[PDB]
4 protein chains.
Amino acid sequence: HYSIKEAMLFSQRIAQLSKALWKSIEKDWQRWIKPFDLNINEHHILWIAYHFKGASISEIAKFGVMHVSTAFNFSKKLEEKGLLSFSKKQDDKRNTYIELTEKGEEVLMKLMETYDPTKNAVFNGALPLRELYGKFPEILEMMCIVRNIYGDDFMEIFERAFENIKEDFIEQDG
Amino acid sequence: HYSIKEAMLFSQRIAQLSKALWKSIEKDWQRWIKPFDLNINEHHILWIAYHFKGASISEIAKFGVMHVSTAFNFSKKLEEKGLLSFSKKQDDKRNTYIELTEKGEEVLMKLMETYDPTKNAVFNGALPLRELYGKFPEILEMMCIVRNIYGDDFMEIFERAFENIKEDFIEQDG
Amino acid sequence: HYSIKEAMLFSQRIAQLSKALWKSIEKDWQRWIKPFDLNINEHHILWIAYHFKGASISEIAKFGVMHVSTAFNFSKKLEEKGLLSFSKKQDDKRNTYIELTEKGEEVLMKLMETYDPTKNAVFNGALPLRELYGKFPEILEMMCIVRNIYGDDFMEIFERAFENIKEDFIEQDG
Amino acid sequence: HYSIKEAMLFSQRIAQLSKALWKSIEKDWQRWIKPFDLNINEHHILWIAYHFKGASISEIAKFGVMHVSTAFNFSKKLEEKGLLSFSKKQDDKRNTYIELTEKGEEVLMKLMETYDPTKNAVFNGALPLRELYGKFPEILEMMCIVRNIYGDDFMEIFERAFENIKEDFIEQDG
């Protein structure tokens, strides 16, 4: 009931649009986090550690869209800075668990003190759509596919990010 | 008139959603193109060469969301396969121009003969939204930001991709 | 799992938005059809008769969002003009069926010769959203609810309207 | 730059969709308000009176999508019930102003005690889209046209309706 043509059209559409979105976010994300000598995957774990305090590196991998192997290496380089701590559970656990540090939290805070959304590209690009809608675009069409792929357990990172950001101290002036 | 809080919420929203979209497309794109020993940026140039027959590597970079330096190296490794050809313009041109080859076109065709949209993730993930809308999601909210960033000249790749795909031979059976 | 508050908010939202949409379409629809001394429900039947050539007044009621009683009276006043014809089926049929006339078709055509979308309000109001999307808004969110209510058989009027309009003679110049 | 064909397609699309939306809301709105012997335009004024305490009948007409003449007659039949009160301003005012009564407020409250969103059609029809989006559809595409027509001053009724509904007593149990 579905044409291969309309499929290829869809795929070429979203593949070009997704690469434009990640590559532009990469540039603004890296410039924001490079003054602390970190990469986007390491920072992802540092924010995942704030939003979920104690999580297996396997969960860090799922929420981080990383390989388990990849998340291990960056988490270990993060402990070796003191920005993160490691824990092992009782009984019999193969899993290795992860928490943040006061040095790690403070690094996130001084990054928050330097958050200029003006410099970020997608922010300015979404200012037109915000003025017509009254609020930032909620891109529900995209959000539906991602849940329908990664799972509802993956999507819960948005909820906990929002609620923790809602109860947040000293973002900037005021 | 805009809260820094609603900005951070937006940024964390789209940054998590964009990374999920590119990483899942990467895996399905690479598996599709790896039987020919190519990467996603090289294939991008091979499709850009079909949709725009003669283009500067600088335009290949803009449409490809690549650095000019990066597009040069992959285009040169593509000529050294015979999948692509190079040209230089008259008068005085610093620019180096690019065309496809019959070997390069045929490689795209045998990849088209192996296009199973079932294996691609975002395809199956968009089947729910297609049934409710009658047709594949057009994600216009995203498409507006990207144009408002990369430029209308960048966006013309979708038009020429659609029209060339509409006039396409032997995708699969029928 | 659902708040009565978010329900009331939704209802007050769509009830105010729907009344604004119908009342503004009423004014532009009536001004367009009043030079022929017809109402919006009568014209609806005249277009339903073009898109579905022979239909029961009960189907005219479903597609017309009219009562069966209401559709009868207007269809009868339409036959008594010669803009429409009536038929009765074989065997044993309670139903009364309906077709268009050459006088009725020509009335639709001279209305088509007078279609100025500039005067229609929603047209100009949708010009902003069309420029950002490249094409007229497809309001899929609304279209999903209506199908989920009236039925898929009701929705088929859009398909046959589009395809018949695609194969249409002398709309205006060219 | 715009086809008359794509215009007619758009108009037939939204005209059929808007009539389906108003007619279905009419039936559920009237059944909800008929036990108090009121019509949808009268109830509209009674809610406009709650959301804007003292407003000219001309503003009631704009927010109510009514004629000034029509809003006068229903407001006068509302005062003659004691559900509403009238006032005249100082200096020199042609305008006649309007406020609610305790009898009028209590009528709205006992209607709120009888609000079953299950019986309302569009509510159940929007339950599918809510489950995929996590929240009720916000139909921003429609909301943009209406603002681009009726004006931003008209749209402020949604803001004051939301904020007043957010600070509301005894909707139902809890």
# chains A, B, ... in the order shown; residues from 1 in each chain; ligands from 1
>>> residues_around(residues="residue C:112", least_positions_apart="6", cutoff="12 Å", atoms="only C-alpha atoms", output="number ranges by chain")
C: 32-33, 47, 105-106, 165, 168-173; D: 4-5, 7-8
>>> residues_around(residues="stretch 51-62 of chain C", least_positions_apart="6", cutoff="7 Å", atoms="only C-alpha atoms", output="ChimeraX atom specification")
/C:45,68,71-72,95-99,154,160-161,164
>>> write_last_selection(atoms="N, CA, C and O atoms", output="mmCIF file, in the first residue's frame")
data_model
loop_
_atom_site.group_PDB
_atom_site.id
_atom_site.type_symbol
_atom_site.label_atom_id
_atom_site.label_comp_id
_atom_site.auth_asym_id
_atom_site.auth_seq_id
_atom_site.Cartn_x
_atom_site.Cartn_y
_atom_site.Cartn_z
ATOM 1 N N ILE C 45 -24.560 20.549 -1.578
ATOM 2 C CA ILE C 45 -25.172 19.435 -2.294
ATOM 3 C C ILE C 45 -24.818 19.497 -3.777
ATOM 4 O O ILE C 45 -24.586 18.466 -4.421
ATOM 5 N N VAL C 68 -30.807 14.625 7.594
ATOM 6 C CA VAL C 68 -31.482 14.026 6.448
ATOM 7 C C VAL C 68 -32.700 14.854 6.067
ATOM 8 O O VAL C 68 -32.968 15.094 4.884
ATOM 9 N N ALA C 71 -31.415 18.068 4.296
ATOM 10 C CA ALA C 71 -30.919 17.839 2.943
ATOM 11 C C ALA C 71 -32.062 17.590 1.963
ATOM 12 O O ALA C 71 -31.971 17.973 0.790
ATOM 13 N N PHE C 72 -33.147 16.958 2.425
ATOM 14 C CA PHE C 72 -34.298 16.715 1.556
ATOM 15 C C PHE C 72 -34.899 18.030 1.074
ATOM 16 O O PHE C 72 -35.099 18.227 -0.131
ATOM 17 N N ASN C 95 -34.879 4.605 -0.232
ATOM 18 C CA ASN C 95 -34.006 5.751 -0.450
ATOM 19 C C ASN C 95 -34.366 6.485 -1.737
ATOM 20 O O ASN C 95 -34.837 5.890 -2.711
ATOM 21 N N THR C 96 -34.116 7.794 -1.737
ATOM 22 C CA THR C 96 -34.280 8.644 -2.910
ATOM 23 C C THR C 96 -32.922 9.192 -3.323
ATOM 24 O O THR C 96 -32.213 9.778 -2.497
ATOM 25 N N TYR C 97 -32.574 9.020 -4.599
ATOM 26 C CA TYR C 97 -31.244 9.327 -5.114
ATOM 27 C C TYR C 97 -31.258 10.614 -5.938
ATOM 28 O O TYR C 97 -32.314 11.130 -6.314
ATOM 29 N N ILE C 98 -30.057 11.124 -6.231
ATOM 30 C CA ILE C 98 -29.872 12.511 -6.654
ATOM 31 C C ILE C 98 -28.769 12.598 -7.709
ATOM 32 O O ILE C 98 -27.724 11.950 -7.583
ATOM 33 N N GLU C 99 -29.003 13.409 -8.749
ATOM 34 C CA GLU C 99 -28.004 13.718 -9.771
ATOM 35 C C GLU C 99 -28.064 15.204 -10.108
ATOM 36 O O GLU C 99 -29.031 15.895 -9.783
ATOM 37 N N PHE C 154 -16.744 9.412 5.381
ATOM 38 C CA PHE C 154 -16.953 10.844 5.251
ATOM 39 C C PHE C 154 -15.748 11.522 4.609
ATOM 40 O O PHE C 154 -15.908 12.382 3.735
ATOM 41 N N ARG C 160 -11.987 12.751 -3.631
ATOM 42 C CA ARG C 160 -12.711 12.925 -4.884
ATOM 43 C C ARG C 160 -12.825 14.392 -5.272
ATOM 44 O O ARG C 160 -12.885 14.709 -6.464
ATOM 45 N N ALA C 161 -12.854 15.300 -4.294
ATOM 46 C CA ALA C 161 -12.819 16.719 -4.627
ATOM 47 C C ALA C 161 -11.483 17.093 -5.253
ATOM 48 O O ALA C 161 -11.438 17.803 -6.261
ATOM 49 N N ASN C 164 -11.102 15.349 -8.859
ATOM 50 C CA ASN C 164 -11.989 15.994 -9.825
ATOM 51 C C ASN C 164 -11.553 17.426 -10.104
ATOM 52 O O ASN C 164 -11.677 17.906 -11.237
#
>>> select_by_dssp(residues="stretch 38-150 of chain A", states="strand (DSSP E or B)", output="list in words")
residues 55, 56, 84, 85, 86, 87, 88, 96, 97, 98, 99 and 100 of chain A
>>> closest_atom_pairs(of="chain A", to="chain B", cutoff="8 Å", atoms="only C-alpha atoms", output="JSON lines")
{"residue": "A:4", "atom": "CA", "partner": "B:171", "partner_atom": "CA", "distance": 7.6}
{"residue": "A:5", "atom": "CA", "partner": "B:165", "partner_atom": "CA", "distance": 7.3}
{"residue": "A:6", "atom": "CA", "partner": "B:136", "partner_atom": "CA", "distance": 7.9}
{"residue": "A:7", "atom": "CA", "partner": "B:117", "partner_atom": "CA", "distance": 6.8}
{"residue": "A:8", "atom": "CA", "partner": "B:117", "partner_atom": "CA", "distance": 7.9}
{"residue": "A:9", "atom": "CA", "partner": "B:162", "partner_atom": "CA", "distance": 6.2}
{"residue": "A:10", "atom": "CA", "partner": "B:136", "partner_atom": "CA", "distance": 6.9}
{"residue": "A:11", "atom": "CA", "partner": "B:123", "partner_atom": "CA", "distance": 7.4}
{"residue": "A:12", "atom": "CA", "partner": "B:161", "partner_atom": "CA", "distance": 7.8}
{"residue": "A:13", "atom": "CA", "partner": "B:158", "partner_atom": "CA", "distance": 6.6}
{"residue": "A:15", "atom": "CA", "partner": "B:25", "partner_atom": "CA", "distance": 6.7}
{"residue": "A:17", "atom": "CA", "partner": "B:143", "partner_atom": "CA", "distance": 7.1}
{"residue": "A:18", "atom": "CA", "partner": "B:22", "partner_atom": "CA", "distance": 5.6}
{"residue": "A:19", "atom": "CA", "partner": "B:22", "partner_atom": "CA", "distance": 6.1}
{"residue": "A:20", "atom": "CA", "partner": "B:65", "partner_atom": "CA", "distance": 6.4}
{"residue": "A:21", "atom": "CA", "partner": "B:18", "partner_atom": "CA", "distance": 6.2}
{"residue": "A:22", "atom": "CA", "partner": "B:18", "partner_atom": "CA", "distance": 5.6}
{"residue": "A:23", "atom": "CA", "partner": "B:65", "partner_atom": "CA", "distance": 7.3}
{"residue": "A:25", "atom": "CA", "partner": "B:15", "partner_atom": "CA", "distance": 6.7}
{"residue": "A:65", "atom": "CA", "partner": "B:20", "partner_atom": "CA", "distance": 6.4}
{"residue": "A:117", "atom": "CA", "partner": "B:7", "partner_atom": "CA", "distance": 6.8}
{"residue": "A:121", "atom": "CA", "partner": "B:149", "partner_atom": "CA", "distance": 7.2}
{"residue": "A:122", "atom": "CA", "partner": "B:145", "partner_atom": "CA", "distance": 6.8}
{"residue": "A:123", "atom": "CA", "partner": "B:11", "partner_atom": "CA", "distance": 7.4}
{"residue": "A:125", "atom": "CA", "partner": "B:145", "partner_atom": "CA", "distance": 5.0}
{"residue": "A:126", "atom": "CA", "partner": "B:145", "partner_atom": "CA", "distance": 5.6}
{"residue": "A:129", "atom": "CA", "partner": "B:141", "partner_atom": "CA", "distance": 7.7}
{"residue": "A:136", "atom": "CA", "partner": "B:10", "partner_atom": "CA", "distance": 6.9}
{"residue": "A:137", "atom": "CA", "partner": "B:141", "partner_atom": "CA", "distance": 6.8}
{"residue": "A:139", "atom": "CA", "partner": "B:141", "partner_atom": "CA", "distance": 5.9}
{"residue": "A:141", "atom": "CA", "partner": "B:139", "partner_atom": "CA", "distance": 5.9}
{"residue": "A:142", "atom": "CA", "partner": "B:139", "partner_atom": "CA", "distance": 6.7}
{"residue": "A:143", "atom": "CA", "partner": "B:17", "partner_atom": "CA", "distance": 7.1}
{"residue": "A:144", "atom": "CA", "partner": "B:129", "partner_atom": "CA", "distance": 7.7}
{"residue": "A:145", "atom": "CA", "partner": "B:125", "partner_atom": "CA", "distance": 5.0}
{"residue": "A:146", "atom": "CA", "partner": "B:20", "partner_atom": "CA", "distance": 7.1}
{"residue": "A:148", "atom": "CA", "partner": "B:125", "partner_atom": "CA", "distance": 5.4}
{"residue": "A:149", "atom": "CA", "partner": "B:125", "partner_atom": "CA", "distance": 5.8}
{"residue": "A:158", "atom": "CA", "partner": "B:13", "partner_atom": "CA", "distance": 6.6}
{"residue": "A:161", "atom": "CA", "partner": "B:9", "partner_atom": "CA", "distance": 7.7}
{"residue": "A:162", "atom": "CA", "partner": "B:9", "partner_atom": "CA", "distance": 6.2}
{"residue": "A:165", "atom": "CA", "partner": "B:5", "partner_atom": "CA", "distance": 7.3}
{"residue": "A:166", "atom": "CA", "partner": "B:5", "partner_atom": "CA", "distance": 7.4}
{"residue": "A:171", "atom": "CA", "partner": "B:4", "partner_atom": "CA", "distance": 7.6}
{"residue": "A:172", "atom": "CA", "partner": "B:4", "partner_atom": "CA", "distance": 7.9}
>>> select_by_dssp(residues="stretch 24-55 of chain C", states="helix (DSSP H, G or I)", output="MDAnalysis selection string")
chainID C and resid 24:36 40:51
>>> atom_distance(atom1="atom CA of residue D:41", atom2="atom CA of residue C:38")
25.2 Å
>>> atom_distance(atom1="atom CA of residue D:69", atom2="atom CA of residue D:86")
15.7 Å
>>> residues_around(residues="residue A:46", least_positions_apart="3", cutoff="9 Å", atoms="only C-alpha atoms", output="short mmCIF file (atom, residue, chain, number, x, y, z; two decimals) with N, CA and C atoms, in the first residue's frame")
data_model
loop_
_atom_site.label_atom_id
_atom_site.label_comp_id
_atom_site.auth_asym_id
_atom_site.auth_seq_id
_atom_site.Cartn_x
_atom_site.Cartn_y
_atom_site.Cartn_z
N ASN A 41 29.69 14.00 23.99
CA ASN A 41 29.27 12.78 24.66
C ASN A 41 29.59 12.82 26.15
N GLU A 42 30.73 13.40 26.52
CA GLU A 42 31.07 13.55 27.93
C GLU A 42 30.10 14.48 28.64
N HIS A 43 29.81 15.63 28.03
CA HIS A 43 28.85 16.56 28.62
C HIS A 43 27.48 15.91 28.75
N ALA A 49 23.87 12.57 34.37
CA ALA A 49 24.15 12.31 35.78
C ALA A 49 23.36 13.25 36.69
N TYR A 50 23.14 14.49 36.24
CA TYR A 50 22.31 15.41 37.02
C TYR A 50 20.84 14.99 36.97
N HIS A 51 20.35 14.62 35.79
CA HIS A 51 18.94 14.31 35.63
C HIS A 51 18.59 12.92 36.17
N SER A 75 33.21 8.04 30.61
CA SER A 75 32.94 8.09 32.04
C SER A 75 34.21 7.86 32.85
N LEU A 78 36.22 10.79 32.86
CA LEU A 78 35.56 11.80 33.68
C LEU A 78 35.84 11.58 35.17
N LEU A 83 35.30 14.84 38.03
CA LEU A 83 33.99 15.34 37.63
C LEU A 83 32.89 14.29 37.79
N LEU A 84 33.22 13.09 38.27
CA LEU A 84 32.29 11.98 38.29
C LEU A 84 32.84 10.90 39.22
N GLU A 99 27.76 8.44 39.50
CA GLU A 99 27.22 9.64 40.14
C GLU A 99 28.09 10.84 39.79
N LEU A 100 27.55 12.03 40.03
CA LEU A 100 28.25 13.29 39.77
C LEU A 100 29.07 13.71 40.99
N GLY A 104 32.15 18.30 39.43
CA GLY A 104 31.41 18.09 38.20
C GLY A 104 30.17 18.96 38.10
N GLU A 105 29.45 19.11 39.21
CA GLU A 105 28.27 19.97 39.21
C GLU A 105 28.67 21.42 38.96
N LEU A 108 29.20 22.28 35.41
CA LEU A 108 27.93 22.49 34.72
C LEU A 108 27.37 23.87 35.03
#
>>> atom_distance(atom1="atom CA of residue C:85", atom2="atom CA of residue C:35")
22.1 Å
